[PDB]
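Quick notes on the structure that follows.
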Amino acid sequence: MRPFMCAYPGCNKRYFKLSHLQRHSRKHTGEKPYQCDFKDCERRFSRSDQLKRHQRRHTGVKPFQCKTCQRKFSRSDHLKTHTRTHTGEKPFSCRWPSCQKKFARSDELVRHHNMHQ
DNA sequence: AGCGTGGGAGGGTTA
DNA sequence: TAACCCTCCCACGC
Ligand SMILES: [Zn+2]
Ligand SMILES: [Zn+2]
Ligand SMILES: [Zn+2]
Ligand SMILES: [Zn+2]
């Protein structure tokens, strides 16, 4: 399954790719060489992709646009869940007894599940 | 309730 | 040999 296993004592985390393991290894070492050099910000990241995603907050760039209402979004995963507001898709159904409510996002189902109990 | 929108994280592809 | 792009998990706020 996962041939790349973390060698840190007690971690026991395994990965499919070596790049995934080397990316995880910075969690133990704590190195965050990708600092944000914008003013009034001290955010640091161990990954370059997380820094550039964060720096969209400073630049205001929204590269992902909804083809229905033309609204732009900073992140592609948030455009995907926004599209369900137009299509009405709710792929996450509550499995509580007698309940039939469905939700477009998983965190909405988790919040609804916590309301049952 | 429904949904915008961050960080943290793991999947993938690519010279 | 990591940068790059993707969605998910979890969280916070209105
Ligand atoms: Zn580890
Ligand atoms: Zn910043
Ligand atoms: Zn839209
Ligand atoms: Zn329910």
Side-chain angles (χ1 to χ4, degrees), chain A residues 2-66 68-114 116:
Chain A
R2 305 168 176 266
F4 298 96
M5 190 173 186
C6 184
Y8 193 85
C11 184
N12 302 325
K13 280 184 174 298
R14 306 166 61 94
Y15 297 92
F16 297 103
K17 304 291 193 304
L18 179 59
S19 61
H20 300 167
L21 174 58
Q22 294 178 331
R23 190 170 56 185
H24 159 65
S25 63
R26 297 191 170 181
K27 187 69 175 184
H28 305 294
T29 66
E31 51 194 303
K32 296 183 178 181
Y34 288 101
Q35 85 282 352
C36 183
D37 286 326
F38 280 92
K39 288 171 179 171
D40 196 359
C41 183
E42 305 82 44
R43 282 287 184 176
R44 304 187 64 91
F45 301 91
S46 63
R47 299 164 49 166
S48 65
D49 55 1
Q50 292 178 344
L51 174 59
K52 291 179 180 58
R53 183 186 64 176
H54 157 81
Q55 288 187 142
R56 299 172 189 170
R57 301 172 57 184
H58 303 289
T59 62
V61 180
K62 300 181 179 180
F64 311 98
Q65 185 183 30
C66 173
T68 300
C69 69
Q70 283 66 45
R71 185 171 181 173
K72 302 179 180 180
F73 300 89
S74 63
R75 288 166 48 161
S76 59
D77 55 318
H78 291 340
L79 173 60
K80 175 180 179 61
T81 55
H82 162 78
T83 306
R84 303 202 173 106
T85 70
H86 302 293
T87 67
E89 183 190 16
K90 299 180 180 181
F92 310 105
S93 304
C94 181
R95 298 303 169 180
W96 194 273
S98 74
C99 193
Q100 296 175 289
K101 283 190 173 60
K102 303 180 298 181
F103 303 94
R105 303 213 310 252
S106 286
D107 58 311
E108 303 186 39
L109 174 58
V110 176
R111 188 179 62 181
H112 169 75
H113 177 72
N114 297 330
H116 277 288

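Heavy-atom basis, side chains included; hydrogens, waters and symmetry copies ignored. Below, chain A is the first sequence line, B the second, and so on; all start at residue 1.
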Protein-nucleotide distance ([X], atom [atom1]; [N], atom [atom2]), rounded to Å:
X        : N      : atom1 : atom2 : answer
A/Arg105 : B/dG4  : CZ    : P     : 7 Å
A/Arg26  : C/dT1  : CZ    : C1'   : 11 Å
A/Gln22  : C/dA3  : CD    : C1'   : 13 Å
A/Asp107 : C/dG13 : CG    : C1'   : 13 Å
A/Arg44  : B/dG8  : CZ    : P     : 13 Å
A/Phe4   : B/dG11 : CZ    : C1'   : 15 Å
A/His113 : C/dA11 : NE2   : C1'   : 18 Å
A/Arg56  : C/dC4  : CZ    : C1'   : 11 Å

A/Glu89-A/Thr87 side chain donor-acceptor pair, cut-off 3.5 Å: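 Side chains of A/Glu89 and A/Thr87: no pair found under 3.5 Å.
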
Donor-acceptor pair between A/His82 and A/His78 side chains, under 3.5 angstrom: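 Their side chains do not contain a donor-acceptor pair, so the 3.5 Å distance test is not met.
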
Pi stacking test for A/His78 and B/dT5: under 5.5 Å apart, planes under 30°: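 Per 5.5 Å and 30° rule: yes, stacked.
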
Closest to side chain of [X], choosing from [options]:
X        : options               : value
A/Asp77  : C/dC8, B/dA9, B/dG4   : C/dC8
A/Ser74  : B/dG6, C/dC5, C/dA2   : B/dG6
A/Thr85  : B/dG7, B/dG11, B/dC3  : B/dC3
A/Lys17  : C/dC9, B/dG10, B/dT13 : B/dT13
A/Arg71  : C/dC4, B/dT5, C/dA11  : B/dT5
A/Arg111 : B/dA9, B/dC3, B/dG4   : B/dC3
A/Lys27  : B/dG8, C/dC4, C/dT7   : B/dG8
A/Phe73  : B/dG4, C/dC5, C/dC8   : B/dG4
A/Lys90  : B/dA9, B/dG6, B/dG2   : B/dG2

Side chain [X] and base [N] donor-acceptor under 3.5 Å:
X        : N      : value
A/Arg23  : B/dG11 : yes
A/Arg75  : B/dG6  : yes
A/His20  : B/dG12 : yes
A/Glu108 : B/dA1  : no

Does the side chain of [X] reach to within under 4.5 Å of the side chain of [Y], using non-hydrogen atoms?
X       : Y       : value
A/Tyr34 : A/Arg47 : no
A/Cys36 : A/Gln55 : yes
A/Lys27 : A/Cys11 : no
A/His28 : A/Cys6  : yes
A/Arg23 : A/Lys17 : no

What nucleic acid atoms does [X] come within less than 4.0 Å of, heavy atoms only: base, sugar-phosphate, or nothing?
X        : result
A/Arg57  : sugar-phosphate
A/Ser76  : base
A/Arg53  : base
A/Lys101 : nothing

Are [X] and [N] close enough that a side-chain N or O sits under 4.0 Å from OP1 or OP2?
X       : N      : value
A/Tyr15 : B/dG11 : no
A/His24 : B/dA9  : no
A/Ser19 : C/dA3  : no

Complementary nucleotide of B/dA15, counting Watson-Crick and G-U pairs under 3.5 Å: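 Check on B/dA15: unpaired, no WC or wobble geometry under 3.5 Å.
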
Shared hydrophobic cluster for A/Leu21 and A/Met5 (ILVMFWY, side-chain gaps under 4.5 Å):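 Result: no, two separate clusters.
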
Rounded distance in Å between the P positions of C/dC8 and B/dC3: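 Going atom to atom, P in each nucleotide, I get 16 Å.
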
Work out the sugar pucker of [N] as north or south, treating a positive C1'-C2'-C3'-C4' as north.
N      : value
B/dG12 : north
B/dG11 : north
B/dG8  : south
C/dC6  : north

